[PDB]
Amino acid sequence: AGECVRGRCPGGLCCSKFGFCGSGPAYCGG
């Protein structure tokens, strides 16, 4: 669960260039 649309993802979390969303050092980087 958690996918980005055209490079935009709400909720207040991170979005990966592969088209995904997530919080913490997983989809954010560092």
# chains A, B, ... in the order shown; residues from 1 in each chain; ligands from 1
call {"tool": "residues_around", "arguments": {"residues": "residue 2 (chain A)", "least_positions_apart": "3", "cutoff": "7 Å", "atoms": "only C-alpha atoms", "output": "number ranges by chain"}}
result
A: 20-22
call {"tool": "residues_around", "arguments": {"residues": "residue 4 (chain A)", "least_positions_apart": "2", "cutoff": "6 Å", "atoms": "only C-alpha atoms", "output": "VMD selection string"}}
result
chain A and resid 7 to 9 19 to 20
call {"tool": "select_by_dssp", "arguments": {"residues": "chain A", "states": "strand (DSSP E or B)", "output": "list in words"}}
result
residues 5, 8, 14, 15, 16, 20, 21 and 22 of chain A
call {"tool": "residues_around", "arguments": {"residues": "residue 29 (chain A)", "least_positions_apart": "5", "cutoff": "10 Å", "atoms": "only C-alpha atoms", "output": "list in words"}}
result
residues 14, 16, 23 and 24 of chain A
